[PDB]
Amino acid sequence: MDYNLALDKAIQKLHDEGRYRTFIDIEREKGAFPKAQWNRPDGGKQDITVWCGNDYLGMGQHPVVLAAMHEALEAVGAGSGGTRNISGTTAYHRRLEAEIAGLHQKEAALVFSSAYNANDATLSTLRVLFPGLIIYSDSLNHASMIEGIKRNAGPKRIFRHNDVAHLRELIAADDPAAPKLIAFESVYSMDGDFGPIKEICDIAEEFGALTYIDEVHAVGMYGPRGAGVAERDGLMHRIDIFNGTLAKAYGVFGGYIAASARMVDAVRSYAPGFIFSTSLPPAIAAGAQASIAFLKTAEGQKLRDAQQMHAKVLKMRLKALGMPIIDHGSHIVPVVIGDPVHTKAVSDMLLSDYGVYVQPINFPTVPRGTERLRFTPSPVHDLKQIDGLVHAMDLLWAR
């Protein structure tokens, strides 16, 4: 039994499918987002523009976020030094959980070291709290959701993406006494489309199911207080559990769930993924809390307005260059190439020729045959930045 052989086989398999990923070493320039320094593999340094990042509103450089972080470092040190149970519970975590509960108008919130962990731990743990739980999952749910859903044995049903008629057909066929939970996303990361929240909620109420929504690509960005798409549509009260991140629009790190005190307490008491891990550094919690708080204000709205419009302008200018990109009406702008090697070929050209950094997206992040570039215009991608990008794209494609 030669372990190295097997490793080589597994690696070679990636190259043969043209999906081996090469990371890009960068350093974002605080105060000058979206500018970053690219550390080229040949040791050189090049100024670049980040066009595919997930700090959607540039909160990673916001002076109020950084002030809160610098203060916390000075007050309590670098980390918490423990799990939530063994000394790692700080006022910074309580405040942050209250801030999140308030955002989603829920009794409680629970903070994990990432939205990934939150989804994985919570979905799996619910199978333990609700013996016989059947989980209905949107075919394009995120990996973390799929992972949580499968982790522990138990019934799952996958419904065709956004297909509520399929959802209802599946659920009506199931044992009417079984606990049921429907898990889906408000904004899907790669297509940039919206989940039909009202219709799913309607189905959940009709069949007595819990609803679980991942608003990871929505929080900070939609709704008058940045609480997400359900807030935008006035449906937050119809959602049982919210899952969110503090690492994207909020610009820091970590994730959470928000739900009733009963739900939060059960999860925190039973989920190994919550119990057995060091709690988030107080400075992270400080920064994230400041971010959420800020984005709840009229000043936050300004950032959302600017993002919406920059996205709208970019899409307009790209279609005008004779470029069909499917515009599902969100802030995410995907350009589908449809082959992983072309996708990297094109991404290499933007990077080197133009300083436009947009990572090539392939399997398993997107289905095979749907590989793409994924632009994420933020408030800091000003009108001239946009014009810069379109002229790059035009000049590129004129090859």
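Note that residue numbering follows the sequence shown and begins at 1.
- Of the two segments examined, 84 to 92 and 173 to 181, it is 173 to 181 that shows the higher average Cα temperature factor in the deposited entry.
- Mean C-alpha B-factor is higher over 310 to 318 than over the other stretch, the pair under comparison being 185 to 193 and 310 to 318.
- Based on the entry's C-alpha B-factors, the most elevated value among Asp120, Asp163, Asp265, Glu299 belongs to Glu299.
- Of the candidates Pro281, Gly223, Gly102, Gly154, the PDB record gives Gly154 the highest C-alpha temperature factor.
- The deposited CA B-factor of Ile134 belongs to the lowest third of values across its chain.
- Among all modelled residues in its chain, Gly234 ranks in the middle third by Cα B-factor.
- Annotation for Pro367: CA B-factor lies in the middle third of the chain's modelled residues.
- The PDB entry assigns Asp214 a C-alpha temperature factor belonging to the lowest third of its chain's modelled residues.
- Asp327: CA B factor lies in the highest third for its chain, per the PDB record.
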